[PDB]
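J.: would you be able to build a 3D model of this:
(2 chains, ligands or ions: 4)
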2 protein chains.
Amino acid sequence: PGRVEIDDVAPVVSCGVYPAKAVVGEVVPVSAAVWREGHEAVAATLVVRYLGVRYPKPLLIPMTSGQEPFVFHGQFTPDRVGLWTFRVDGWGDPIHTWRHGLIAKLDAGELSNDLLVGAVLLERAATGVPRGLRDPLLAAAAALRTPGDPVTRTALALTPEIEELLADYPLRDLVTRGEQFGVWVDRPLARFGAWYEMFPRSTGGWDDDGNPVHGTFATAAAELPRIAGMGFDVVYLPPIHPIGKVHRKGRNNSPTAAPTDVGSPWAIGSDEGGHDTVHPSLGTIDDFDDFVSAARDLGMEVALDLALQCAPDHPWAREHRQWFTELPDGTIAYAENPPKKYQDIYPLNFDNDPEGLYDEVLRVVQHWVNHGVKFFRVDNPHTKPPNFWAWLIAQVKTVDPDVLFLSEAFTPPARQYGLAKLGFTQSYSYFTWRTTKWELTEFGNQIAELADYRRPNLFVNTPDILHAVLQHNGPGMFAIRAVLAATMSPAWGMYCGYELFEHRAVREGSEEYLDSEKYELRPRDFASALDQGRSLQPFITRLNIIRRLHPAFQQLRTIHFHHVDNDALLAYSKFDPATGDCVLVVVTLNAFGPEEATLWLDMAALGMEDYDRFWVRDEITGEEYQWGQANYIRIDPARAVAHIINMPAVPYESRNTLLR
Amino acid sequence: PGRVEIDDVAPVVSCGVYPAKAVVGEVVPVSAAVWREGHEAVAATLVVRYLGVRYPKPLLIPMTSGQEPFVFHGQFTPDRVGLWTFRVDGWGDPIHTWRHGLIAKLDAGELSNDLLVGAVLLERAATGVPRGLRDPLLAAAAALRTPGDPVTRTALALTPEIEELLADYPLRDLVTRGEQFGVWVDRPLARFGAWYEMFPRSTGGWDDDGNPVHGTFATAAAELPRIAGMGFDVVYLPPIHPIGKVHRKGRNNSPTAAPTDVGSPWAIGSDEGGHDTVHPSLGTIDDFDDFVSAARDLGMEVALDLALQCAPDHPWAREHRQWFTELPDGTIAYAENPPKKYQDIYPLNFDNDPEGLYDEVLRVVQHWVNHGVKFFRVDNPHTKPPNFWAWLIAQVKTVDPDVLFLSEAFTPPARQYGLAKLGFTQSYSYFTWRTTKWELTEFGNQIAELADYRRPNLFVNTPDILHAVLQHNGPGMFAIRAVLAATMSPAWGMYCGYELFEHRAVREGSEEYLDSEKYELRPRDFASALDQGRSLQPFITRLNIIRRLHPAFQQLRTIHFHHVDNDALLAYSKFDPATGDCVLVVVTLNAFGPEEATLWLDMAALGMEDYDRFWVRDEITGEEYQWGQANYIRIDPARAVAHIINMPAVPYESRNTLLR
Ligand SMILES: OC[C@H]1O[C@H](O[C@H]2[C@H](O)[C@@H](O)[C@@H](O[C@H]3[C@H](O)[C@@H](O)[C@@H](O[C@H]4[C@H](O)[C@@H](O)[C@@H](O[C@H]5[C@H](O)[C@@H](O)[C@@H](O[C@H]6[C@H](O)[C@@H](O)[C@@H](O)O[C@@H]6CO)O[C@@H]5CO)O[C@@H]4CO)O[C@@H]3CO)O[C@@H]2CO)[C@H](O)[C@@H](O)[C@@H]1O
Ligand SMILES: OC[C@H]1O[C@H](O[C@H]2[C@H](O)[C@@H](O)[C@@H](O[C@H]3[C@H](O)[C@@H](O)[C@@H](O[C@H]4[C@H](O)[C@@H](O)[C@@H](O[C@H]5[C@H](O)[C@@H](O)[C@@H](O[C@H]6[C@H](O)[C@@H](O)[C@@H](O)O[C@@H]6CO)O[C@@H]5CO)O[C@@H]4CO)O[C@@H]3CO)O[C@@H]2CO)[C@H](O)[C@@H](O)[C@@H]1O
Ligand SMILES: OC[C@H]1O[C@H](O[C@H]2[C@H](O)[C@@H](O)[C@@H](O)O[C@@H]2CO)[C@H](O)[C@@H](O)[C@@H]1O
Ligand SMILES: OC[C@H]1O[C@H](O[C@H]2[C@H](O)[C@@H](O)[C@@H](O)O[C@@H]2CO)[C@H](O)[C@@H](O)[C@@H]1O
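T.: Residues are numbered from 1 along each chain as shown, chains lettered A, B, ... in the order given. Ligands and ions are numbered 1, 2, ... in the order given. What follows is the structure:
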């Protein structure tokens, strides 16, 4: 009735309600506590199996004891997409009990009894191994028959052919089965990729006069190489749907729209079309299909903004009206967040006609899926029912499992981290409003930590957020945030124009871009900026190449912070369990002054003893240096705001430093 | 479905496999995280119901939001022994949504629409309240259907008359019910009581010559008043069973036993009897019944050592030999811990004849339960199968639920704390080997929050443990540990002779009492020590009185440590959620020197603002003083090694100072 106890198993999420998250080729660490009566030794074997794909022959991996007694650790690396299962099985290994006990008493060294007990072990042990190589067992099983010196037949106890033999085929006693938990593996882009947010309309390129010109998918596609050139793996496009014509918004959040103004893309829908139609000015849907294929040619993928909202002109406003929250006087209520108003849209109502709306939205998501779009940016997901997301998310991947979702949830923790739990492959974070060494240090450790179920996407900016620190610290700071986002997380992102050092907010104390891109056409000339040397495009490229270069940067779990005695300096390191690759990042939070300090290292964390000395190389500088536990470091902006340092590869003791 | 989200419920143990622990009249704090779509407000109601006894119509308590968004906290206080159940139910309260939304918009200040929506709510709400006082809502509902002032029907919202009944009877929408978890409540002695350990035989009192004399229950009962006099609630007796005559141990763990020597009581069993018989030299079983009844007259309870072990001459050795571990040569193995030998006892074998041993031991426990013994100190339980204890425990408590078990498990955490999870009402701890300011600090804080499954019993000493710090720091230290034990835990204990300052170890570097009572008979003359002023009995008495006096000391959860800028000084405070009682303890760890420092307080923890100044009284000294956030303290041993301070009672905001 449960003789051997198994508890505090990890990774488990919400006590097993939600599966943990991992990706292909990621080392997944498993741990559990196994114990039994007295001083009889115990061991556990971790059993992993890969099932179907769904969502709502065993493989055996041996587990190893560790620092803390009775807690056993293991790892496994999943090789195909779908839903995996693991469980921990616990058993008592008498051989270990017998062996360890015997070595202590042999020291006292007659006693003839314990030896025979061993002798009956290997025989019973032997039945488990096939007659073929079982023959050193009978050597051991016929090892303490006859009287003699102690080192008589222990001689077979100690040689590593039968320790190795017992390893492949073990003597298992009192086997007890553990609980089963599940892991959901996604394609690697779920963890490691870089984002670019661009407006297709802004690819217009001016007219014969000064006036901005509306772009098209065709014009948009011309800018795709340059993006790929910077190393981004995913291109994110704001909604490509028709914009409502009533209450269309003007320049600067103005209530009244000029006849030519475009209005914000998130005001989805018009007499012209719904969520399933391309806004005609961009082109026919074939042009889009053509646009996707261009990106695909460059190694990139396309992600569309998915905003479950409607403009008044949206066909649903006419076709299906049960889907909204209707006021008492027959008017239809504008989407609302008190007392501020976003007048150009309608909130959906998920309670009046649930299976009605559910099936239609699924149809729509499926539409774009059929057109090569396999990454969606769910918009303001926290203002829609959770169970819906749990359903919609689970529903799409089961027919096709390579579709991934990103949650734009700027919301308090319980909701933000909560949403991740229900299936979102990625989530936005509070990253932008973390700017002090202490916010960032705890934040870095925080990310993650939550890796078993949350993978964060760190965005340096979004059309709605230009943090104050970018406003007054000048072009230097833009580098700093880029270094932080790119290094802290495998997944990071950027909004267009960031590369131009766009740092002007509409008015002081606001976080909205002046002459915001949501309401106006803004073609930009990146090439000229490059020529006059006022673009951060080369640097970002160098940042993006480096992450791809070092697989250490694709890890969530292994971030570790090292001590630097300067409030303005931040130093942390990441490593890869697989290749042993190891990297240390040192950045300044001060854009303005040269800063110097003494850097102290936790050598154990890098896999070396404290007195060691080793050589490092700076991937930006190319400089090589000799280092030890304590090293001198000085950072000078207007030369380089950060040092990305390559460190000696962590020995094949990588696996235990990943533990927990 | 679940339409509304419920997560991170606490207190839950091992994801619900094991019930949490609590006792009667203890405030049990419950917390959970509840959230839903958008800015619509949400609330939760905690539903508690009391089930039967067993082990392996509703009452409703409203839950309140707090500092951290979306996490709701609640409490309930169980009033009868048995198994309780609780679950969290989640719902959306539209009024709150409507109310909070309207107040923000009212400042903008026509609005003609929102008011009717409220008005259709309050009416929909009226359906929930029972014919009679239902009506001012309809009054509130029809006071703006009429056009008018904005402030006109806010009138009917404004009034504290309308926050009302709705708290008592609420309008609940989209109600979703949470998972169910269980709590097992024991009698209060499970948490709060003090222990005294005595050898019945040591109550012998010499003969006409100098020679010590073996005692009896009769003689043992003579020492019971003085024990009660010191305030102890439980008397713990080493096994009272017959001691084996074969391989019986001599003075000082000597291998050979003299003819008169008594042997260790844990060497259970002889030709005279087994576990079901009283050792005859102590008396007839009636004498025991008389002794137990005697203690109960004094307000005490009797606790017997439950040691699953056998001497060679034990009846089981012949009667049932399947129950033992028989060697290959037919001998049966002596108790063993490699390479140490415990020649006087036999380990049991729980695998050969499981239902065989299970059934005898349960019978044995029931024998003594029938004789008024409802507390057992299970001996070295970690050297017996886990599942067994889980079985034995659930089996005993269902017939009689007032039987409680204490686990002497000096074992690594996973096992020690693990064992507590299975049902052990109390557990021994690592307390004796914590002697530095940081260790005691960590240990005290550590007590919590494991309160949900572990209640620690802090023993200053046992026959097996005479700590080094006691060895050289003189009688002063003995006070210090007593203060630490009594204050840190609601439940604490003492082994006989401690009060006489017995401080001599067998050899330097050992933790065993010289001329140990386990192997030798040791009568003591407590009275003479009193006259000659070398007894810590008065002080201990004052300590136990103080504990009973302040109910704050019966709490596990609320211990909090305050900063004192001295490495030799330790200051912590406890309070009682019920009466608001609050107490602060300051103790010194150096027995030899006067020590002084500046004591800093976190007033918020004590329920006061930082600037407040207030009056306190020292329960040992008796005089009143005035204090503030920072106060001067100096401690002089050889007058008093600690200050136990009565502090201003925590206001009726105790409950919120308890969250999580
Ligand atoms: O060439 C690179 C550089 O060029 C441009 O800067 C030029 C600039 O136009 C010119 O006027 C001049 O500027 C002065 C500057 O006005 C002075 O204020 C002086 O800055 C010092 C400053 O007054 C100090 O307060 C000091 O504060 C530091 C902190 O010590 C740091 O901790 C850090 O604060 C961070 C903080 O730790 C966090 O907790 C969080 O709050 O976030 C903060 C990040 O801002 O940084 C602040 C401010 O840096 O720092 C300075 C001294 O250490 O410096 C100039 C006097 O020479 O200098 C430039 C001409 O060479 C362009 O604006 C820059 O973007 C570009 O990087
Ligand atoms: O009369 C009442 C009094 O009588 C007895 O004590 C007398 C004692 O027999 C007598 O010898 C004398 O004591 C002397 C002592 O011999 C000297 O050694 C000296 O003691 C100082 C000591 O050398 C210092 O190292 C200093 O150490 C403190 C630490 O500062 C504390 O941090 C603390 O250490 C704890 C530590 O923090 C933890 O990490 C952990 O390791 O546990 C430690 C606790 O053991 O305690 C030690 C010492 O307690 O403390 C002394 C500085 O004054 O000077 C002494 C006299 O100046 O004095 C006594 C009477 O004459 C009887 O044993 C006492 O119980 C009784 O109160
Ligand atoms: O849809 C028009 C509206 O867009 C923005 O408002 C939302 C929108 O859902 C997303 O862009 C997302 O970022 O959140 C925004 C704020 O909740 C604009 O902020 C707003 O000016 C515009 O009317
Ligand atoms: O049980 C008697 C036997 O062991 C003793 O030690 C005991 C101790 O008394 C108990 O607390 C029990 O739980 O386990 C201990 C074993 O380490 C004596 O130390 C020993 O001499 C005696 O033979």
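
J.: quick one: furthest residue from the center of chain A?
T.: residue A:147 (63.1 Å; CA atoms, centre = their mean).

J.: what's the neighbour count on the nearest residue to it once chain neighbours are set aside?
T.: Spatial nearest neighbour of residue A:147, excluding adjacent residues (CB to CB, 6 or more residues apart in numbering or on different chains): residue A:112 at 7.7 Å. Backbone N, C-alpha and C define where each C-beta goes, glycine included. When neighbours are counted by other CB atoms under 10 Å in any protein chain shown, residue A:112 registers 11.

J.: ligand 3 contacts on the stretch 451-600 of chain A?
T.: residue A:464 (CB under 6 Å from any ligand atom).

J.: what about whichever residue of the stretch 451-600 of chain A sits closest to ligand 3, distance to residue A:386?
T.: When scored by CB to the nearest ligand atom, the stretch 451-600 of chain A has residue A:464 as its residue closest to ligand 3, at 4.9 Å. For residue A:464, the distance to residue A:386 (CB to CB, to the nearest Å) stands at 23 Å.

J.: quick one: contacts of stretch A:630-642?
T.: With contacts defined as CB atoms under 8 Å, 6 or more residues apart in numbering or on different chains, stretch A:630-642 is touched by A:476, A:479-480, A:483, A:564, A:569, A:571, A:585-588, A:590-601, A:620-621, A:643.

J.: ligand 3 versus the residue nearest to residue A:147, what's the distance?
T.: 80 Å (CB to the nearest ligand atom, to the nearest Å).

J.: how about that residue, phi and psi?
T.: phi -10, psi -20 (degrees, to the nearest 10).

J.: same for the host helix or strand of residue A:616, what does it pack against?
T.: Per DSSP states H and E, residue A:616 falls inside strand A:614-618. With contacts taken as 3 or more CB pairs under 8 Å, 6 or more residues apart in numbering or on different chains; DSSP states H and E, strand A:614-618 sits against strand A:624-627, strand A:642-647.

J.: buried set for stretch A:612-623?
T.: By 16 or more other CB atoms under 10 Å in any protein chain shown, the buried positions in stretch A:612-623 come out as A:616, A:618-620.

J.: nearest to ligand 1, of these?
T.: residue A:620 (16.2 Å).

J.: before we move on, what SS does the closest one have?
T.: Classification of residue A:620 using DSSP: H, G, I helix; E, B strand; the rest coil returns coil.

J.: distance of the nearest residue to residue A:475 once chain neighbours are set aside from residue A:16?
T.: In space, and not counting its chain neighbours, residue A:475 is closest to residue A:501: 4.7 Å by CB to CB, 6+ apart. Distance, residue A:501 to residue A:16, using CB to CB: 48 Å.

J.: which one of the two has more residues nearby?
T.: Here residue A:501 and residue A:16 are compared on neighbour count by other CB under 10 Å; more neighbours surround residue A:501, at 18 against 14.

J.: hmm, back to that, how far does the strand holding residue A:616 sit from the chain's center?
T.: With CA atoms, centre = their mean, to the nearest Å as the basis, strand A:614-618 stands 28 Å off its chain's centre.

J.: what's next to it, contact-wise?
T.: Residues outside strand A:614-618 that contact it (CB under 8 Å, 6+ apart): A:584, A:608, A:623-628, A:643-648.

J.: correct me, but the residue nearest to residue A:475 touches residue A:476?
T.: No: counting by CB atoms under 8 Å, residue A:501 stays clear of residue A:476, with 9.7 Å between them.

J.: show me what contacts the residue in the stretch 151-300 of chain A that ligand 3 sits nearest to?
T.: Relative to ligand 3, the nearest point of the stretch 151-300 of chain A is residue A:266 (3.1 Å; CB to the nearest ligand atom). With contacts defined as CB under 8 Å, 6+ apart, residue A:266 is in contact with A:238-239, A:305, A:307, A:309, A:345, A:379, A:518.

J.: residue A:434 now?
T.: A:440, A:443.

J.: how close does the residue lying closest to residue A:253 once chain neighbours are set aside sit to ligand 2?
T.: Among residues not flanking residue A:253 along the chain, residue A:519 sits closest, at 7.0 Å (CB to CB, 6+ apart). Going from residue A:519 to ligand 2 by CB to the nearest ligand atom gives 67 Å.

J.: so what's the most centrally placed residue in chain A up against?
T.: Among the residues of chain A, the one closest to the centroid is residue A:455, at 3.0 Å (CA atoms, centre = their mean). For residue A:455, the contacting residues are A:21, A:190-191, A:420, A:425-427, A:448, A:490-491, A:556, by CB under 8 Å, 6+ apart.

J.: quick check, nearest of those to residue B:227?
T.: Residue B:227 lies nearest to residue A:448 out of these, by CB to CB, at 56.0 Å.

J.: the closest one touches residue A:557, doesn't it?
T.: Yes: Residue A:448 is within contact range of residue A:557, at 7.0 Å (criterion: CB under 8 Å).

J.: ok, the two, which is more surrounded?
T.: residue A:557 (19 against 16).

J.: count the neighbours of residue A:377 for me.
T.: 23.
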